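Below you'll find the structure, written out as structure tokens, and then a few comments.
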Amino acid sequence: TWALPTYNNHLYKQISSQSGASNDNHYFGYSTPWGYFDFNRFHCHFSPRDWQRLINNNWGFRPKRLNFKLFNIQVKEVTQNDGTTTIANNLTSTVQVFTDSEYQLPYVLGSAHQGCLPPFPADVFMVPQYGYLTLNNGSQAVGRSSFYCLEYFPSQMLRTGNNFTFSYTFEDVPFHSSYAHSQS
Amino acid sequence: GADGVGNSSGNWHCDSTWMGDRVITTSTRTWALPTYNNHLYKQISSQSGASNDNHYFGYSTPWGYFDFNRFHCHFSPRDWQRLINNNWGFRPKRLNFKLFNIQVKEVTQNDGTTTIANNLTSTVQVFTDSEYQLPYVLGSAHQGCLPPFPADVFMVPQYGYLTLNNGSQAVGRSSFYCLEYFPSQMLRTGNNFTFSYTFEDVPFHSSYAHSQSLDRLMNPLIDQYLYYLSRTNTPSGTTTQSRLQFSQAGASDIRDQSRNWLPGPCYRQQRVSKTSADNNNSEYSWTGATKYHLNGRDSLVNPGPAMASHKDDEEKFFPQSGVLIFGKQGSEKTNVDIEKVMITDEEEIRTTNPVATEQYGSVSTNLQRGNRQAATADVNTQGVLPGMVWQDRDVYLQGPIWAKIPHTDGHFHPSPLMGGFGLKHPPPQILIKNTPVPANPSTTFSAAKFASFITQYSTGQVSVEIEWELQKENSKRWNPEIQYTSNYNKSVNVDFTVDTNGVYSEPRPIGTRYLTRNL
Amino acid sequence: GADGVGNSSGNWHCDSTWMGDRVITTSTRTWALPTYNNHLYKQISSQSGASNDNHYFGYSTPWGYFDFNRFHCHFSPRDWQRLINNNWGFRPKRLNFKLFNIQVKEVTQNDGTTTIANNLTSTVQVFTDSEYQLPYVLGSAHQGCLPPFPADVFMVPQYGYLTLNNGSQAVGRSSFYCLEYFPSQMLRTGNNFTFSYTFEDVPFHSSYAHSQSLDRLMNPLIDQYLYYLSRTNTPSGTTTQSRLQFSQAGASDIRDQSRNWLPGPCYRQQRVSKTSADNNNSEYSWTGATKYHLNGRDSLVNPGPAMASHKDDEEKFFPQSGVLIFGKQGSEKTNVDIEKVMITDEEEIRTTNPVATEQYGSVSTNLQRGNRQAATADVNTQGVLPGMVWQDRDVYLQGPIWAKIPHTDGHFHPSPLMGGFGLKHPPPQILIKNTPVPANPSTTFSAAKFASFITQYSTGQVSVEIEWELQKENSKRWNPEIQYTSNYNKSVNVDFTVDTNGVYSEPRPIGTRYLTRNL
Amino acid sequence: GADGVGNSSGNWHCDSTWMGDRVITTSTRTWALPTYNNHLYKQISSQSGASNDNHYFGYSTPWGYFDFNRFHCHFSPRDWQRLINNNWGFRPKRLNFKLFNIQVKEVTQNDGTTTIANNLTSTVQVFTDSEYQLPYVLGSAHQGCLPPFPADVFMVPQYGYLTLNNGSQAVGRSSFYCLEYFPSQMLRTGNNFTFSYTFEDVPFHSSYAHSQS
């Protein structure tokens with residue numbers, strides 16, 4: 001179960017390294033209002049016991065295909081007037097989702113950031129904010145540096161009572177080796 | 001489920017129909033489900049210093065559960081009387097379960113007022129394990145039943161369990177179950193839930209009482225052809241000498257006759273009286289109890305084995321724990337007077353099961369000789385022996401219908417000791433919870449567990465229908481039976497009825513054993 | 001059999017294959033069979049003066065027999081681990097048996113040298129009773145198994161039996177069986193023998209341990225609706241008076257709650273400690289034993305009924321006979337120190353079976369009154385009562401697989417008391433002998449029994465294949481299980497392996513109970 | 001196998017044939033197999049004080065093994081010359097293996113003389129793992145090859161292996177293999193053994209030298 005805030009007040013911003021910094025620490029890039037889902041860690045998929053018919057009983061494993069689904073979407077509006085905050089359904093509001101699948105965007109996943117689906121099924125988590133980096137010189141951009149507007153892709157707009165799905169097939173990959181050697 | 005917010009997801013069904021052989025009952029109640037434990041699991045255990053008997057370790061969950069396991073849910077006081085007066089036994093066959101008309105409410109407690117409003121898009125999720133993978137709590141006779149009276153509304157009780165401990169500490173073998181880890185079914189307003197279930201074959205419960213005691217099976221008119229040893233010595237001159245005489249047992253000898261059978265087993269109880277003057281002055285409650293000893297701690301046997309409560313013409317005495325006890329209307333939890341409790345009576349089983357407050361019999365302790373004299377001793381505990389018959393404990397009106405037989409390499413006569421029907425695959429536990437709805441997260445990203453949720457609860461109607469199988473009676477008894485009757489004298493309040501303030505109450509326990517059978 | 005002296009009658013098969021549900025094992029060993037008793041029967045009996053308990057009467061025969069009945073024959077230490085870690089139970093289904101590559105040798109002991117040579121025309125004869133007409137010796141856990149390690153060679157043990165006696169003398173009912181009086185099959189070099197067998201249906205052995213103790217079955221969060229008697233008296237003024245109060249049992253009362261079940265039966269044992277300082281100084285071995293008395297003589301119950309060995313946090317104590325005990329490598333027959341033996345542990349059954357060194361519980365001995373005070377006594381022996389559940393004893397790695405149920409009018413829960421599978425028609429005894437070859441008779445005729453035979457012995461290979469049925473596990477336990485692990489630290493010798501001199505050894509007993517189940 | 005004590009279980013084949021594109025070789029040798037370690041397994045390890053480089057831990061077995069892995073077994077000095085002079089490369093494709101004419105002898109060492117005689121009913125058992133479940137010793141260039149010269153007779157070398165150690169001591173992960181625990185085939189006089197094998201695709205060995213640096 002997830003909760004998605006609005007980030008950056010619905011707008012893009014360029015970000016970069018802060019003033020004086022080591023030449024190693026300079027960066028240049030952008031942050032976006034969009035969020036993203038990350039299931040890439042194992043503990044999302046396997047429970048501690050399910051992990052044990054795997055590692056004790058087997059010499060290797062690999063993924064094959066996966067599914068993804070969203071559902072039971074509901075949007076809430078909030079009123080902060082005075083010292084109290086009232087929250088109420090907005091029934092006609094939308095939430096829009098897409099999957100690039102042509103690998104046209106900078107690919108952030110795989111850098112081992114936070115924002116995973118929790119290891120324990122009863123926890124609730126925010127969706128992390130999306131952003132990226134591009135070629136720089138110091139804290140300044142270079143002519144080759146690229147800027148991507150996520151609004152510029154086809155997406156799917158969802159209200160309460162609309163769901164989203166897609167499925168995916170892993171390319172052939174070698175088994176991971178869960179054995180240890182008995183000979184040096 | 002089906003259709004809309006405005007369309008209703010089910011009708012109210014509460015009825016009973018009597019077909020002759022197989023009979024059907026139905027009921028519907030209204031429930032309300034809170035959020036428990038702020039949407040999170042917690043381990044619980046015994047509190048600090050406690051007796052070695054009282055230590056425990058376990059978990060409590062946000063999930064609730066439904067319990068229909070008591071009879072009074074299913075049967076009304078009158079429907080209970082086309083059963084117990086008219087029949088020699090009954091058993092369950094199959095049941096249905098349904099939920100419908102679900103609606104979820106959110107509450108705002110600001111200031112001194114609390115506003116409550118519909119949350120139309122919120123969900124409630126339900127599942128039934130049915131593979132018996134969870135710890136099975138039902139059958140321990142807890143509170144939280146569907147009410148006996150159809151117009152009452154009840155909360156759903158919270159779910160939790162216990163596991164192996166050492167003192168207040170866990171052991172490596174101890175298990176932890178996350179209920180989120182099962183497939184369930186998420187329901188909104190205008191969605192309904194159903195499943196159906198079939199009882200495994202089980203013997204009829206015996207609603208008869210015996211018309212013959214096991215000690216008298218035989219014709220008084222005719223003597224036996226067997227001999228028993230009657231006189232051990234005879235007078236010779238001034239003083240007796242040893243001479244063995246034998247006799248055949250007649251109607252004057254009925255004490256001495258040969259028999260093919262023996263009474264059931266006993267595990268003995270302490271006796272107390274309802275008259276306060278006969279009872280000793282001291283605290284013998286825990287010290288004078290009958291107990292069993294398992295893994296270094298002691299537990300009372302509260303029902304214990306099935307045994308008659310009292311002998312003939314003593315109605316004043318009952319076993320210390322040996323009987324079931326029900327509270328009257330509005331009785332409190334602790335330290336309450338005898339006038340508040342209702343004590344059940346186990347009597348009609350006098351004819352087979354021995355009395356709980358006395359020994360099974362006497363047995364010879366030594367070998368006699370010329371200069372030694374025969375010696376015997378009382379046997380206060382007897383296990384089962386070949387050629388031993390008995391009866392089980394009565395179900396009454398309100399009490400356990402069934403229990404789950406533990407999964408083990410061996411067991412003997414699984415009928416459970418509170419009463420009712422032992423089942424290897426009983427009706428599965430139904431579990432229900434409110435789906436958490438988070439509230440207003442911060443603008444910047446943070447990885448932390450949410451402590452803040454919308455405060456909400458849900459309610460709806462539940463329904464249960466069970467099919468029962470009946471066993472009729474062919475009796476050649478000439479004279480009339482004993483029937484369950486309401487007293488016809490005038491009174492301020494009618495039994496099994498609301499009072500002037502509208503609280504339904506049950507005056508007395510009602511068992512199933514009236515009609516008589518020959519042994 | 002088939003073919004020639006030069007052709008081989010069978011291949012070596014030792015393997016294990018794992019199919020999922022059903023699983024199959026195979027092994028092959030090499031044996032040598034001496035001639036016993038100089039080709040003749042002899043009666044044997046107890047020797048002169050002996051205790052009345054030690055008298056026996058019977059016969060010894062020239063015949064040998066094969067025993068595969070121990071697990072370690074069939075399963076290797078690693079194959080044992082795709083079983084006990086991964087499964088909730090297993091049982092046998094069907095087996096095969098084969099003999100082949102038989103060769104007979106004659107020996108000449110003249111002077112100080114012994115020459116050995118083939119005798120090609122000699123025979124060896126084999127049969128399997130399969131009608132259960134002989135006394136059934138197997139299942140008494142004798143020596144003479146197929147070795148645990150496939151490269152070892154073993155003798156075949158001699159066959160014999162016992163019969164009713166009075167003292168050291170026979171009784172008219174005593175029976176004498178001549179094994180020559182059965183049809184058998186005579187085999188020479190290049191002849192083979194086979195038969196196959198099918199196990200009768202038997203319950204799976206339980207390789208799970210329980211995650212719930214029988215004393216805790218229920219929800220800690222919710223109170224019961226039943227009442228128990230809590231306080232027996234109340235202070236009135238300066239001194240107490242008799243007043244009966246009642247209570248409902250909660251999580252603080254867990255000692256006092258009502259239950260549907262009781263623990264298994266016990267027959268009590270004496271307790272000793274592995275630390276030599278705690279034990280009394282005297283000889284209590286035979287005097288302090290638990291025994292049964294049959295026909296005027298006394299026998300120890302060595303395994304006894306199945307009961308837990310110790311309570312929580314006492315690992316130092318074990319029942320006197322109540323456990324199985326295995327010797328380490330090369331241990332001797334008599335008067336050997338504790339460091340040489342391996343003592344098994346029965347613990348995981350704490351949750352149902354009571355501890356073997358303590359009483360079952362307490363029971364009320366008397367009727368109270370005003371001037372009498374309640375009295376109780378310990379019950380050290382309990383038979384089976386209705387509503388009683390328990391577990392059986394574990395098989396471990398090396399020990400009895402099966403036993404033959406005696407043929408009798410009645411029996412209760414036939415699972416045998418050492419462990420394993422009770423069978424009414426177990427695998428039949430295989431019997432084998434060397435055919436006598438006479439030597440050089442006199443020229444003139446004489447009627448006398450031959451005292452002179454060629455001295456010879458035989459050898460070959462035997463094979464066994466059993467099919468097993470497995471029961472997989474569906475567990476929703478979130479956290480990890482307990483598994484059987486070898487220690488990863490460095491050591492001089494690897495467990496379950498040859499040493500530098502080539503003697504295979506087994507470090508410790510290994511039971512089947514690791515994976516956990518809910519009660 | 002087949003037939004009798006008097007019948008022979010196989011002919012002597014040692015030859016080489018040259019077909020052009022592919023080519024085929026054959027050889028036959030005579031062997032003798034002792035009993036090793038008195039029919040029993042033993043663990044072996046490094047001896048007392050030794051350099052940290054020289055420590056080892058392992059096992060020795062009664063079993064023997066055949067090694068044809070050297071070229072000179074297969075090719076004669078002249079057959080080696082229609083290969084290296086005439087060709088730019090060669091690779092193996094498939095092979096056969098056979099045992100036959102097995103006979104077992106028992107010996108009596110009493111006094112100062114030793115008599116040797118046939119034991120006709122004794123067996124010898126053989127297997128090929130082919131699932132690669134055992135430690136694979138071959139390829140370490142040990143002794144015990146089939147001789148280069150066809151008229152020589154050779155013993156079969158003893159089999160053994162090594163496993164993880166710490167110093168001269170074993171580690172919990174160290175493995176122990178019992179060769180009795182495999183299916184094998186028991187052979188007497190007048191029984192024979194065969195199997196055939198197919199090489200996976202492999203590049204030709206380069207027998208050329210370059211004419212340009």
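Going through the structure tokens in order, the chains are called A, B, and so on, while each chain numbers its residues from 1 and the ligands are numbered from 1 in the order shown.
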Where does chain D meet chain A within 12 Å, residue by residue, with the nearest atom pair and distance in Å to one decimal for each, counting only C-alpha atoms, listed by chain and rising number, as a tab-separated table?
residue	atom	partner	partner_atom	distance
D:56	CA	A:184	CA	10.3
D:57	CA	A:183	CA	10.4
D:58	CA	A:183	CA	10.1
D:133	CA	A:182	CA	11.9
D:134	CA	A:182	CA	11.0
D:135	CA	A:183	CA	8.3
D:136	CA	A:183	CA	10.4
D:137	CA	A:183	CA	11.5
D:161	CA	A:183	CA	9.5
D:162	CA	A:183	CA	7.2
D:163	CA	A:183	CA	5.0
D:164	CA	A:183	CA	5.5
D:165	CA	A:184	CA	8.9
D:166	CA	A:184	CA	11.3
D:170	CA	A:182	CA	11.2
D:171	CA	A:182	CA	9.8
D:172	CA	A:182	CA	10.0
D:173	CA	A:182	CA	6.5
D:174	CA	A:182	CA	5.8
D:175	CA	A:182	CA	6.3
D:176	CA	A:182	CA	9.7
D:177	CA	A:182	CA	11.4
Can I get the selected residues back with C-alpha atoms, as a tab-separated table (two decimals), in the first residue's frame?
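Dumped to selection-v2.tsv:
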chain	number	residue	atom	x	y	z
D	56	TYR	CA	46.69	-30.41	1.90
D	57	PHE	CA	43.80	-32.58	3.04
D	58	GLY	CA	42.01	-35.35	1.18
D	133	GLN	CA	29.86	-35.88	-9.94
D	134	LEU	CA	33.36	-36.85	-8.71
D	135	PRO	CA	36.45	-34.69	-8.32
D	136	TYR	CA	38.09	-34.72	-11.73
D	137	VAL	CA	41.75	-35.73	-11.43
D	161	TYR	CA	41.50	-36.51	-4.34
D	162	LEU	CA	41.85	-33.41	-2.19
D	163	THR	CA	39.43	-31.00	-0.57
D	164	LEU	CA	39.39	-27.66	1.26
D	165	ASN	CA	41.66	-27.52	4.29
D	166	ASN	CA	42.85	-25.13	6.95
D	170	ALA	CA	39.55	-30.13	7.40
D	171	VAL	CA	36.86	-27.47	7.10
D	172	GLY	CA	33.12	-28.03	7.53
D	173	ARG	CA	32.55	-27.55	3.80
D	174	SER	CA	34.97	-30.34	2.91
D	175	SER	CA	33.43	-33.21	0.97
D	176	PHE	CA	33.84	-36.99	1.09
D	177	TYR	CA	32.89	-39.27	-1.81
With DSSP run on the backbone, what are the strand (DSSP E) residues within region 159-375 of chain C? I'd like them as a PyMOL selection string.
chain C and resi 159-163+165-166+169-170+185-187+193-198+205-206+209-210+227-229+233-236+239-242+245-248+266-267+271-273+291-294+297-300+317-319+325-327+341-343+361-364
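Considering the residues C:187, C:356, C:451, C:251 and counting only C-alpha atoms, residue 44 (chain B) has its shortest atom-to-atom contact with C:251.
Between CA of residue 74 (chain D) and CA of residue 148 (chain D) there is a distance of 8.0 Å.
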